[PDB]
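Written below as structure tokens is the structure these notes are about.
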Amino acid sequence: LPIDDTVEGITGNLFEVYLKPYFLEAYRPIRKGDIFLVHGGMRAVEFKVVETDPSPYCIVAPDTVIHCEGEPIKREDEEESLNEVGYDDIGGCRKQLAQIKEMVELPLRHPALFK
Amino acid sequence: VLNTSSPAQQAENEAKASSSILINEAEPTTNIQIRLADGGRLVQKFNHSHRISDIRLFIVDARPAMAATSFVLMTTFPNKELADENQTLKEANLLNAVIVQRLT
């Protein structure tokens with residue numbers, strides 16, 4: 001995903017010089033849910049991965065065939081909702097949240113805590 | 001290219017590549033992982049002191065398709081090329097590093 005806050009100003013094909021010389025023959029790890037701003041073509045270009053099929057701990061190489069997508073769309077509402085909640089976003093009720101964690105400790109990461 | 005070797009022949013090729021590289025016990029052993037061009041496959045078999053041409057011979061013994069196709073190795077973001085295959089690992093920064101292979 002290109003974003004018009006960054007990439008807008010340079011055009012061409014969607015696998016052009018703006019991402020070539022740092023991911024030349026790459027096989028570098030991209031991840032769905034990761035957005036990284038790389039300067040290319042004298043302009044900063046962000047790169048958000050939104051869809052990947054083959055085992056999403058995935059690898060792409062722009063010297064191979066790319067299914068390049070070229071829609072610059074803002075996700076500033078999604079940027080403000082990227083975190084959108086957290087334990088750091090909850091304060092003053094640490095005992096209640098600790099009790100809630102003790103209650104929901106079984107469905108996540110310890111389902112076999114029934115013996 | 002993809003893995004041109006047979007999966008039944010992959011074990012024999014890796015055993016021949018391990019037997020082609022001598023193993024030393026009285027030296028500080030390093031291990032070099034090479035990011036292959038067939039999908040990013042990784043192999044962990046190296047000795048203490050060798051050369052870049054020894055890495056090329058290990059790649060040739062690992063996969064028979066790499067003998068017929070020339071490749072130039074690279075590393076992750078110095079934007080340089082790994083030429084001079086007879087050089088050692090001391091001046092080439094190949095001490096548990098990442099080697100990326102591109103077919104010419």
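Residue numbers start at 1 in each chain; chains themselves are named A, B, ... in the order of the structure tokens; ligands are numbered from 1 in the order shown.
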Query raised in the report: Using only C-alpha atoms, which chain A residues lie at most 12 Å away from chain B, written as a ChimeraX atom specification?
Result: /A:20-29,54,58-61,63-64
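If you measure from each of B:1, B:56, B:61, B:48 to residue 15 of chain B using only C-alpha atoms, the closest one turns out to be B:61.
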Report task. For residue 45 of chain B, work out the shell of residues within 8 Å, counting only C-alpha atoms and skipping chain neighbours fewer than 5 positions away, then give it as a PyMOL selection string. Result -> chain B and resi 18+31-33
Requested in this report: Within chain B, find each residue whose DSSP state, derived from the backbone, is helix (DSSP H, G or I), and express the selection as an MDAnalysis selection string.
Outcome: chainID B and resid 7:20 52:62 65:68
Same residues, C-alpha atoms, output as a compact mmCIF listing (two decimals), in the first residue's frame:
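New file result-v2.txt:
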# COMPACT_ATOMS: atom_id res chain seq x y z
CA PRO B 7 13.90 -34.07 -2.51
CA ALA B 8 15.32 -37.59 -2.23
CA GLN B 9 18.59 -36.20 -3.64
CA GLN B 10 18.55 -33.18 -1.29
CA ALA B 11 19.77 -35.26 1.66
CA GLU B 12 22.53 -36.84 -0.45
CA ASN B 13 23.56 -33.41 -1.80
CA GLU B 14 23.68 -31.92 1.71
CA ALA B 15 25.65 -34.92 3.00
CA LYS B 16 28.12 -34.54 0.12
CA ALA B 17 28.41 -30.81 0.85
CA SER B 18 29.04 -31.54 4.54
CA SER B 19 31.65 -34.18 3.66
CA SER B 20 33.37 -31.85 1.16
CA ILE B 52 34.46 -17.21 -0.09
CA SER B 53 35.32 -19.74 -2.82
CA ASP B 54 34.77 -22.43 -0.18
CA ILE B 55 31.26 -20.97 0.32
CA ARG B 56 30.77 -21.12 -3.47
CA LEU B 57 31.92 -24.76 -3.53
CA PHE B 58 29.58 -25.51 -0.61
CA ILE B 59 26.70 -23.96 -2.58
CA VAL B 60 27.72 -25.97 -5.69
CA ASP B 61 27.83 -29.21 -3.68
CA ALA B 62 24.55 -28.28 -1.97
CA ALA B 65 21.78 -26.23 -10.45
CA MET B 66 24.21 -23.67 -8.99
CA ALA B 67 27.16 -25.14 -10.91
CA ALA B 68 25.61 -24.42 -14.32
Report task. With a distance cut-off of 10 Å and only C-alpha atoms, select the neighbouring residues of residue 38 of chain A, excluding the residue or stretch itself and same-chain residues fewer than 3 positions from it, and output the selection as JSON, numbers by chain. Result -> {"A": [6, 7, 18, 19, 22, 35, 41, 43, 44, 45, 46, 47]}
Print the selection's residues with N, CA, C and O atoms to a file, as a PDB file, in the first residue's frame.
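What landed in again.pdb:
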ATOM      1  N   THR A   6       2.984  10.447   1.508  1.00  0.00           N
ATOM      2  CA  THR A   6       4.413  10.245   1.295  1.00  0.00           C
ATOM      3  C   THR A   6       4.787  10.083  -0.170  1.00  0.00           C
ATOM      4  O   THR A   6       5.667  10.799  -0.661  1.00  0.00           O
ATOM      5  N   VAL A   7       4.140   9.163  -0.888  1.00  0.00           N
ATOM      6  CA  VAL A   7       4.611   8.783  -2.218  1.00  0.00           C
ATOM      7  C   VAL A   7       4.184   9.792  -3.285  1.00  0.00           C
ATOM      8  O   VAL A   7       4.786   9.834  -4.367  1.00  0.00           O
ATOM      9  N   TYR A  18      11.703   3.885  -6.940  1.00  0.00           N
ATOM     10  CA  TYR A  18      11.398   4.312  -5.579  1.00  0.00           C
ATOM     11  C   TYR A  18      11.457   3.191  -4.540  1.00  0.00           C
ATOM     12  O   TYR A  18      11.399   3.490  -3.343  1.00  0.00           O
ATOM     13  N   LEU A  19      11.561   1.920  -4.948  1.00  0.00           N
ATOM     14  CA  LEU A  19      11.872   0.844  -4.010  1.00  0.00           C
ATOM     15  C   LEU A  19      12.925  -0.126  -4.536  1.00  0.00           C
ATOM     16  O   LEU A  19      13.167  -1.156  -3.894  1.00  0.00           O
ATOM     17  N   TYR A  22      17.267  -0.622  -2.584  1.00  0.00           N
ATOM     18  CA  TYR A  22      17.405  -1.188  -1.248  1.00  0.00           C
ATOM     19  C   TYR A  22      16.792  -2.580  -1.133  1.00  0.00           C
ATOM     20  O   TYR A  22      17.281  -3.398  -0.349  1.00  0.00           O
ATOM     21  N   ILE A  35       4.290  -1.188   8.292  1.00  0.00           N
ATOM     22  CA  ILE A  35       4.376  -0.041   7.394  1.00  0.00           C
ATOM     23  C   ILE A  35       5.700   0.687   7.634  1.00  0.00           C
ATOM     24  O   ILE A  35       5.950   1.209   8.728  1.00  0.00           O
ATOM     25  N   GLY A  41      13.529   7.608  -5.033  1.00  0.00           N
ATOM     26  CA  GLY A  41      13.255   8.604  -6.055  1.00  0.00           C
ATOM     27  C   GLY A  41      13.204  10.015  -5.512  1.00  0.00           C
ATOM     28  O   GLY A  41      12.325  10.793  -5.911  1.00  0.00           O
ATOM     29  N   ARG A  43      12.224  10.905  -2.619  1.00  0.00           N
ATOM     30  CA  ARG A  43      10.978  11.076  -1.890  1.00  0.00           C
ATOM     31  C   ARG A  43      10.776   9.889  -0.962  1.00  0.00           C
ATOM     32  O   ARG A  43      11.080   8.746  -1.313  1.00  0.00           O
ATOM     33  N   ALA A  44      10.260  10.176   0.229  1.00  0.00           N
ATOM     34  CA  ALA A  44       9.953   9.125   1.188  1.00  0.00           C
ATOM     35  C   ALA A  44       8.711   8.362   0.744  1.00  0.00           C
ATOM     36  O   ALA A  44       7.709   8.966   0.357  1.00  0.00           O
ATOM     37  N   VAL A  45       8.786   7.031   0.767  1.00  0.00           N
ATOM     38  CA  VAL A  45       7.681   6.171   0.353  1.00  0.00           C
ATOM     39  C   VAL A  45       7.402   5.176   1.471  1.00  0.00           C
ATOM     40  O   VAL A  45       8.300   4.430   1.879  1.00  0.00           O
ATOM     41  N   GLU A  46       6.164   5.157   1.958  1.00  0.00           N
ATOM     42  CA  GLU A  46       5.732   4.151   2.917  1.00  0.00           C
ATOM     43  C   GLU A  46       5.284   2.883   2.196  1.00  0.00           C
ATOM     44  O   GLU A  46       4.967   2.893   1.004  1.00  0.00           O
ATOM     45  N   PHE A  47       5.255   1.779   2.942  1.00  0.00           N
ATOM     46  CA  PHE A  47       4.955   0.477   2.350  1.00  0.00           C
ATOM     47  C   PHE A  47       4.212  -0.361   3.385  1.00  0.00           C
ATOM     48  O   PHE A  47       4.841  -0.997   4.236  1.00  0.00           O
TER      49      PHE A  47
END
Query raised in the report: Out of chain A, which residues get strand (DSSP E or B) from DSSP, as a list in words?
Result: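 Residues of chain A classed as strand (DSSP E or B): residues 28, 29, 30, 31, 32, 35, 36, 37, 38, 39, 44, 45, 46, 47, 48, 49, 57, 58, 59 and 60 of chain A.
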Could you write out that same residue set with C-alpha atoms as a JSON list (two decimals), in the first residue's frame?
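Generated output (selection34.json):
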[["chain", "number", "residue", "atom", "x", "y", "z"],
["A", 28, "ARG", "CA", 13.84, -9.42, 2.94],
["A", 29, "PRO", "CA", 11.02, -10.01, 5.45],
["A", 30, "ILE", "CA", 7.89, -7.97, 4.93],
["A", 31, "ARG", "CA", 4.93, -8.55, 7.23],
["A", 32, "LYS", "CA", 1.19, -7.98, 6.95],
["A", 35, "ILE", "CA", 4.38, -0.04, 7.39],
["A", 36, "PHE", "CA", 7.90, 1.27, 6.75],
["A", 37, "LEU", "CA", 8.88, 4.60, 5.19],
["A", 38, "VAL", "CA", 11.75, 4.16, 2.71],
["A", 39, "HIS", "CA", 13.15, 7.11, 0.75],
["A", 44, "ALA", "CA", 9.95, 9.12, 1.19],
["A", 45, "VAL", "CA", 7.68, 6.17, 0.35],
["A", 46, "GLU", "CA", 5.73, 4.15, 2.92],
["A", 47, "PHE", "CA", 4.96, 0.48, 2.35],
["A", 48, "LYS", "CA", 2.05, -1.17, 4.18],
["A", 49, "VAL", "CA", 1.47, -4.88, 3.51],
["A", 57, "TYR", "CA", 5.62, -14.70, 8.01],
["A", 58, "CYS", "CA", 6.50, -13.97, 4.44],
["A", 59, "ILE", "CA", 9.19, -12.96, 1.96],
["A", 60, "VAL", "CA", 9.01, -10.71, -1.09]]
Requested in this report: Kindly give the distance, in Å, that separates atom CA of residue 69 of chain A and atom CA of residue 51 of chain A, rounded to a single decimal.
Outcome: 10.5 Å
Query raised in the report: Neighbours of residue 28 of chain B within 10 Å (only C-alpha atoms; same-chain residues fewer than 2 positions away dropped), as an MDAnalysis selection string?
Result: chainID B and resid 24:26 30 47:49
If you keep N, CA and C atoms, can you produce a file of those selected residues as a short mmCIF file (atom, residue, chain, number, x, y, z; two decimals), in the first residue's frame?
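File again_14.cif, as written:
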data_model
loop_
_atom_site.label_atom_id
_atom_site.label_comp_id
_atom_site.auth_asym_id
_atom_site.auth_seq_id
_atom_site.Cartn_x
_atom_site.Cartn_y
_atom_site.Cartn_z
N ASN B 24 37.03 -28.74 11.76
CA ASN B 24 38.16 -28.50 12.64
C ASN B 24 37.69 -28.40 14.08
N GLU B 25 38.48 -28.95 15.00
CA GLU B 25 38.13 -28.97 16.41
C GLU B 25 39.05 -28.12 17.29
N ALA B 26 40.23 -27.75 16.80
CA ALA B 26 41.18 -26.96 17.57
C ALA B 26 41.20 -25.49 17.15
N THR B 30 33.24 -20.73 13.46
CA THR B 30 32.13 -19.87 13.08
C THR B 30 31.16 -20.66 12.21
N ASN B 47 32.80 -24.34 8.78
CA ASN B 47 33.94 -24.54 9.66
C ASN B 47 34.48 -23.19 10.14
N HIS B 48 35.63 -23.22 10.81
CA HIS B 48 36.22 -22.02 11.39
C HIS B 48 36.81 -21.11 10.33
N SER B 49 37.82 -21.58 9.61
CA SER B 49 38.56 -20.77 8.65
C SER B 49 38.42 -21.36 7.26
#
Report summary line: Using only C-alpha atoms, the residue out of A:70, A:95, A:78, A:56 with shortest distance to residue 10 of chain A is A:70
